[PDB]
Structures are given as C-alpha cells and as structure tokens.
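S.K.: Have a look at this one before I ask anything.
There are 2 protein chains.
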Amino acid sequence: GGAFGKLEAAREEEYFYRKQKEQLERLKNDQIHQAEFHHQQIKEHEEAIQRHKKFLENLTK
Amino acid sequence: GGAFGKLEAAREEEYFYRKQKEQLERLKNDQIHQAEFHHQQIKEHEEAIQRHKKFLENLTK
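As you go down the protein sequences, you meet chains A and B in turn. The opening position of the first sequence corresponds to residue -18 in our numbering, with each subsequent residue numbered one higher. The opening position of the second sequence corresponds to residue -18 in our numbering, with each subsequent residue numbered one higher.
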C-alpha cells in the first residue's frame, strides 16, 4: 500500500498484539512475575502511544 | 483466583485486545477513518497504562 496508510496501520496493530499475547503467555506460565509484566506492559503502551502520534501527524498535515 | 491476581490480569488483557481487534476491523471496513482510529487508540493506551499502574500498586506494598 502506502506509507502510514491503512494497511501499514493494520500491520503495526497486528505486530503489537502478537507481541503482547506472547508476553501474556509468559505470565501464564510463570516465566515472568506479575509485577514485571505490568511494568513492561506500561512501556509497551507508552511506545504504542508514540507510534499512533507519529501516524497521526503524518495523516494530518 | 484473587483480585488483581494473575487470572484477573489475563482477563483484562483479553478484554482489551478483543476491543482493539474490533476497532481494527472497523478501520479495515472504512467505518471510521484513520485519523479517528489513531486518536481513539491513544486514549485506549492511556487507559491501559492507568489500569496497569493500578494492578502494580496493589501487587507492590
């Protein structure tokens, strides 16, 4: 498709969700403890916000 | 299990990711435009950060 367009946006969401599902499984199998899980998930959601701002600023002007 | 424990954490992630897959589908089917998608997704990730902070606070001290 195009840069920062609908197909790229979908691909980024798919990558993000695949990663987070893998982390949820590490938690369910006691490979990471829960405090660590929540601390790492905050950083992921912070990076997701920056990614969405980036897409937005390219879409809008 | 227990409140704020591993099973509840998993349930919160499952709910969050089911909602986001629904929103991604709305975008794929041009029911929301892309700027709106990214703007709404920032709010969702902001709410997820607050949720993860709340779980952490209960886990730790």
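Positions of the beta carbon are idealized from the N, C-alpha and C atoms, including for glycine.
1) What does the Cβ neighbour count give for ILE13 (chain B), buried or exposed, with the cut at 16 atoms within 10 Å?
2) What did DSSP end up calling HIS19 (chain A) once you bin it into helix, strand or coil?
3) With C-beta atoms as the reference, is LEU8 (chain A) less than 8 Å away from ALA(-10) (chain B)?
4) Using a C-beta to C-beta distance shorter than 9 Å, which residues of chain A count as neighbours of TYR(-2) (chain B)?
5) How should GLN1 (chain A) be labelled, buried or exposed, when 16 other C-beta atoms within 10 angstroms of its C-beta is the threshold for buried?
6) Helix, strand or coil: how does DSSP classify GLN12 (chain A) here?
7) Below 8 Å on the Cβ atoms is my guess for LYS(-13) (chain B) versus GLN15 (chain A); work out the distance and round it to an integer in Å.
M.R.: Per the coordinate set shown:
1) Sequence index remark: in the second sequence, residue 13 (chain B) carries index 32 (1-based). Burial call: exposed.
2) Taking the first residue of the first sequence as 1, we reach residue 19 (chain A) at position 38. Note: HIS19 (chain A) maps to helix in three-state DSSP.
3) As a working note, residue 8 (chain A) is residue 27 in the first sequence. As a working note, residue -10 (chain B) is residue 9 in the second sequence. Yes, they are a contact pair.
4) Here residue -2 (chain B) corresponds to residue number 17 of the second sequence, with the count starting at 1. Under the 9 Å cutoff, chain A gives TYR(-2), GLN1, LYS2 and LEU5.
5) Here residue 1 (chain A) refers to the residue found at position 20 of the first sequence. So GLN1 (chain A) counts as buried.
6) Position 31 of the first sequence, counting from 1, holds the residue named residue 12 (chain A). Of the three classes helix, strand and coil, the one that applies to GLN12 (chain A) here is coil, per DSSP.
7) Numbered from 1 along the second sequence, position 6 holds the residue referred to as residue -13 (chain B). Numbered from 1 along the first sequence, position 34 holds the residue referred to as residue 15 (chain A). About 6 Å separates the two Cβ atoms, so the contact holds.
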